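What's in final.pdb: PDB, C-alpha atoms (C1' of nucleotides)
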```pdb
MODEL        1
ATOM      1  CA  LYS A   1     162.844 109.726  56.346
ATOM      2  CA  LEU A   2     160.163 108.944  58.929
ATOM      3  CA  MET A   3     160.209 112.513  60.356
ATOM      4  CA  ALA A   4     163.792 109.457  64.435
ATOM      5  CA  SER A   5     164.549 110.258  68.085
ATOM      6  CA  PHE A   6     161.258 109.659  70.005
ATOM      7  CA  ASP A   7     159.599 112.942  70.936
ATOM      8  CA  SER A   8     157.694 114.033  74.025
ATOM      9  CA  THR A   9     155.859 117.344  73.830
ATOM     10  CA  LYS A  10     156.098 118.280  77.488
ATOM     11  CA  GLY A  11     156.336 122.028  77.900
ATOM     12  CA  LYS A  12     156.679 122.516  74.162
ATOM     13  CA  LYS A  13     153.653 124.105  72.528
ATOM     14  CA  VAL A  14     151.521 121.606  70.674
ATOM     15  CA  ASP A  15     150.690 121.837  67.016
ATOM     16  CA  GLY A  16     147.076 122.715  66.420
ATOM     17  CA  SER A  17     143.561 122.676  67.843
ATOM     18  CA  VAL A  18     144.802 121.132  71.106
ATOM     19  CA  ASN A  19     144.890 124.566  72.726
ATOM     20  CA  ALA A  20     141.158 125.153  72.228
ATOM     21  CA  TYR A  21     139.536 126.921  75.168
ATOM     22  CA  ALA A  22     136.150 128.624  75.172
ATOM     23  CA  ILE A  23     134.447 130.613  77.900
ATOM     24  CA  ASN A  24     130.737 131.408  77.923
ATOM     25  CA  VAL A  25     130.306 134.550  79.990
ATOM     26  CA  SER A  26     127.590 137.174  79.948
ATOM     27  CA  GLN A  27     127.969 140.215  82.179
ATOM     28  CA  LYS A  28     125.184 142.127  83.885
ATOM     29  CA  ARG A  29     123.571 144.745  81.673
ATOM     30  CA  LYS A  30     124.987 148.189  82.425
ATOM     31  CA  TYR A  31     122.029 150.441  81.669
ATOM     32  CA  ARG A  32     122.086 154.216  81.969
ATOM     33  CA  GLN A  33     120.121 156.509  84.246
ATOM     34  CA  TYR A  34     117.389 158.892  83.129
ATOM     35  CA  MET A  35     115.247 159.839  86.110
ATOM     36  CA  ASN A  36     116.447 161.910  89.099
ATOM     37  CA  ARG A  37     120.117 162.147  88.180
ATOM     38  CA  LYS A  38     121.212 165.673  89.345
ATOM     39  CA  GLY A  39     123.500 165.488  86.286
ATOM     40  CA  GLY A  40     123.364 167.307  82.950
ATOM     41  CA  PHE A  41     120.904 166.053  80.403
ATOM     42  CA  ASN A  42     122.850 163.784  78.051
ATOM     43  CA  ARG A  43     123.845 160.348  79.302
ATOM     44  CA  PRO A  44     126.980 159.496  81.255
ATOM     45  CA  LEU A  45     129.273 156.943  79.620
TER
ATOM     46  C1'   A B   1      85.499 120.256 157.809
ATOM     47  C1'   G B   2      84.247 118.179 153.203
ATOM     48  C1'   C B   3      80.659 117.284 149.338
ATOM     49  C1'   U B   4      77.220 119.897 146.320
ATOM     50  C1'   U B   5      73.238 123.297 143.579
ATOM     51  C1'   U B   6      72.041 127.832 141.024
ATOM     52  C1'   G B   7      73.405 132.597 138.840
ATOM     53  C1'   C B   8      77.437 135.700 137.453
ATOM     54  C1'   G B   9      82.706 136.891 136.384
ATOM     55  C1'   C B  10      87.766 135.177 134.890
ATOM     56  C1'   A B  11      90.983 131.905 132.332
ATOM     57  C1'   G B  12      91.815 127.083 129.700
ATOM     58  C1'   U B  13      90.839 122.453 126.424
ATOM     59  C1'   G B  14      87.606 121.558 122.442
ATOM     60  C1'   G B  15      83.519 122.659 119.198
ATOM     61  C1'   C B  16      80.607 126.094 116.206
ATOM     62  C1'   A B  17      80.239 130.740 113.444
ATOM     63  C1'   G B  18      75.881 134.116 107.281
ATOM     64  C1'   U B  19      68.807 129.659 108.598
ATOM     65  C1'   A B  20      75.357 131.967 112.756
ATOM     66  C1'   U B  21      76.369 136.155 116.322
ATOM     67  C1'   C B  22      74.453 140.838 117.499
ATOM     68  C1'   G B  23      72.917 146.367 117.492
ATOM     69  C1'   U B  24      68.211 148.678 117.378
ATOM     70  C1'   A B  25      68.230 154.957 119.139
ATOM     71  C1'   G B  26      61.716 152.781 115.359
ATOM     72  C1'   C B  27      57.454 150.220 117.271
ATOM     73  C1'   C B  28      55.199 146.201 120.069
ATOM     74  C1'   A B  29      55.944 142.867 124.621
ATOM     75  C1'   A B  30      54.381 139.090 130.889
ATOM     76  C1'   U B  31      48.728 145.261 131.958
ATOM     77  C1'   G B  32      51.172 138.963 127.352
ATOM     78  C1'   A B  33      55.337 138.236 122.465
ATOM     79  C1'   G B  34      54.011 134.169 119.458
ATOM     80  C1'   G B  35      51.096 129.824 118.928
ATOM     81  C1'   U B  36      48.296 124.657 112.814
ATOM     82  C1'   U B  37      50.197 119.590 118.409
ATOM     83  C1'   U B  38      47.129 118.813 123.626
ATOM     84  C1'   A B  39      43.492 125.251 123.012
ATOM     85  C1'   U B  40      39.254 126.763 129.661
ATOM     86  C1'   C B  41      46.123 124.741 126.665
ATOM     87  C1'   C B  42      51.164 126.602 126.069
ATOM     88  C1'   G B  43      54.415 131.415 127.954
ATOM     89  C1'   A B  44      59.327 134.816 125.521
ATOM     90  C1'   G B  45      61.043 138.069 123.280
ATOM     91  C1'   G B  46      58.836 139.499 118.312
ATOM     92  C1'   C B  47      58.389 142.650 113.446
ATOM     93  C1'   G B  48      61.115 145.698 110.512
ATOM     94  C1'   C B  49      65.879 148.469 109.567
ATOM     95  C1'   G B  50      71.129 147.778 109.981
ATOM     96  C1'   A B  51      75.542 145.258 110.646
ATOM     97  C1'   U B  52      79.553 141.709 110.787
ATOM     98  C1'   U B  53      87.768 145.357 116.133
ATOM     99  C1'   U B  54      93.091 144.392 116.666
ATOM    100  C1'   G B  55      98.258 142.387 115.930
ATOM    101  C1'   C B  56     101.647 139.171 112.980
ATOM    102  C1'   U B  57     103.246 136.941 108.473
ATOM    103  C1'   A B  58     103.232 135.463 103.342
ATOM    104  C1'   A B  59     102.542 136.497  98.153
ATOM    105  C1'   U B  60     101.613 139.628  93.901
ATOM    106  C1'   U B  61     101.766 143.842  90.724
ATOM    107  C1'   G B  62     104.343 148.248  90.567
ATOM    108  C1'   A B  63     110.452 151.848  88.833
ATOM    109  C1'   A B  64     109.374 152.969  93.824
ATOM    110  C1'   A B  65     104.814 148.954  98.576
ATOM    111  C1'   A B  66     107.723 153.935 102.576
ATOM    112  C1'   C B  67     111.380 153.522 109.724
ATOM    113  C1'   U B  68     115.964 158.388 108.962
ATOM    114  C1'   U B  69     122.845 153.090  94.249
ATOM    115  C1'   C B  70     125.987 152.280  89.813
ATOM    116  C1'   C B  71     130.563 152.780  86.964
ATOM    117  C1'   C B  72     136.151 153.755  85.713
ATOM    118  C1'   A B  73     141.727 153.326  86.754
ATOM    119  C1'   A B  74     145.418 151.058  89.733
ATOM    120  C1'   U B  75     147.352 147.901  94.220
ATOM    121  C1'   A B  76     146.502 143.882  97.414
ATOM    122  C1'   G B  77     155.717 128.382  90.027
ATOM    123  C1'   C B  78     159.072 126.814  86.118
ATOM    124  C1'   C B  79     161.426 127.143  81.315
ATOM    125  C1'   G B  80     163.532 131.885  77.766
ATOM    126  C1'   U B  81     164.644 136.896  77.439
ATOM    127  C1'   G B  82     166.863 142.188  79.600
ATOM    128  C1'   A B  83     169.730 144.496  82.900
ATOM    129  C1'   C B  84     172.044 144.872  87.612
ATOM    130  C1'   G B  85     175.232 142.270  90.599
ATOM    131  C1'   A B  86     178.624 138.381  92.217
ATOM    132  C1'   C B  87     182.243 134.476  91.038
ATOM    133  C1'   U B  88     185.698 132.121  87.367
ATOM    134  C1'   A B  89     182.717 132.563  77.059
ATOM    135  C1'   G B  90     180.931 129.737  81.536
ATOM    136  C1'   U B  91     178.458 129.612  86.567
ATOM    137  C1'   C B  92     175.292 131.550  90.547
ATOM    138  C1'   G B  93     171.573 134.935  93.300
ATOM    139  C1'   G B  94     167.719 138.364  93.274
ATOM    140  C1'   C B  95     164.645 141.532  90.286
ATOM    141  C1'   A B  96     161.707 142.475  85.837
ATOM    142  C1'   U B  97     158.115 140.666  81.814
ATOM    143  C1'   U B  98     157.112 141.609  75.484
ATOM    144  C1'   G B  99     156.515 133.398  74.116
ATOM    145  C1'   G B 100     155.390 128.469  76.147
ATOM    146  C1'   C B 101     153.945 124.910  80.047
ATOM    147  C1'   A B 102     147.728 117.461  78.856
ATOM    148  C1'   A B 103     152.657 112.490  74.878
ATOM    149  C1'   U B 104     157.319 107.654  79.151
ATOM    150  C1'   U B 105     161.126 110.638  84.986
ATOM    151  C1'   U B 106     156.862 113.943  88.097
ATOM    152  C1'   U B 107     151.585 119.024  87.920
ATOM    153  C1'   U B 108     146.537 117.141  83.850
ATOM    154  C1'   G B 109     145.915 110.831  86.705
ATOM    155  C1'   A B 110     146.745 102.757  85.425
ATOM    156  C1'   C B 111     142.500 103.493  87.433
ATOM    157  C1'   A B 112     137.922 101.189  88.681
ATOM    158  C1'   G B 113     135.070  96.976  90.136
ATOM    159  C1'   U B 114     135.217  91.935  92.719
ATOM    160  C1'   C B 115     136.547  88.138  96.457
ATOM    161  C1'   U B 116     139.338  85.782 101.127
ATOM    162  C1'   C B 117     141.602  85.411 106.312
ATOM    163  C1'   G B 118     146.946  94.254 109.071
ATOM    164  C1'   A B 119     147.791  90.525 104.117
ATOM    165  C1'   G B 120     146.930  88.591  99.225
ATOM    166  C1'   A B 121     143.958  86.672  94.773
ATOM    167  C1'   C B 122     140.373  87.707  90.209
ATOM    168  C1'   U B 123     138.460  90.728  86.162
ATOM    169  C1'   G B 124     138.325  94.904  82.756
ATOM    170  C1'   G B 125     136.110  89.010  77.055
TER
ENDMDL
END
```
Serialized structure, structure tokens:
Amino acid sequence: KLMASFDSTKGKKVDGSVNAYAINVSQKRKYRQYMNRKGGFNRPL
RNA sequence: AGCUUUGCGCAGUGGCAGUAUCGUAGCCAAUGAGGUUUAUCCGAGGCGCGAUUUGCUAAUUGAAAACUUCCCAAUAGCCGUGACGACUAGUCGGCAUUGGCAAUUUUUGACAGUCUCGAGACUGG
């Protein structure tokens, strides 16, 4: 009724917000080319 | 032979450099420039105009500051699962990837500070 048998969460996935990771990255700005391209007028992807 | 003087040239230490350093082709000047001192004396440039090479390096703006770039795709531990295989439903080896790996036996920290002569003691109020 306690809800027995002492537990040890090793390897087992834990319950909740324990798994919280957060990565702050910001990549370099990929701009497009306009002047002196040799390519056709609309942008490349 | 040594010392030494004067002028010039070279290099070096240092100092100075817009009341400084010069050019002058224009004029004047020791056949005298310029002189308030000392003038029956002194003695050198003066007035104007006109100037203030070269190499190296830094920094800034600028898209670009002058010596022959960006982007996409793919390659470069263990527990389960799927097959393949091997050995007797079970076990083992390698391969593969479609969940997980901070709660006492390990990989998410009983560590940190102190003191004494390789060895121990104290504290975490």
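Here the PyMOL selection byres ((chain B) within 7 of (chain A)) catches exactly these residues: residues 100, 101 and 103 of chain B.
Atom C1' of residue 73 of chain B is positioned 20.2 Å from atom CA of residue 28 of chain A.
Taking atom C1' of residue 20 of chain B and atom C1' of residue 54 of chain B as endpoints, the distance between them is 22.0 Å.
As for atom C1' of residue 49 of chain B and atom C1' of residue 25 of chain B, they are spaced 11.8 Å apart.
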Padding 8 Å on each side, edges along x, y and z: where is the centre of the box around the listed atoms of segment 41-53 of chain B, and how long are its edges in Å to one decimal? Output it as lines of an AutoDock Vina configuration file.
```
center_x = 66.9
center_y = 136.6
center_z = 118.8
size_x = 57.6
size_y = 39.7
size_z = 34.4
```
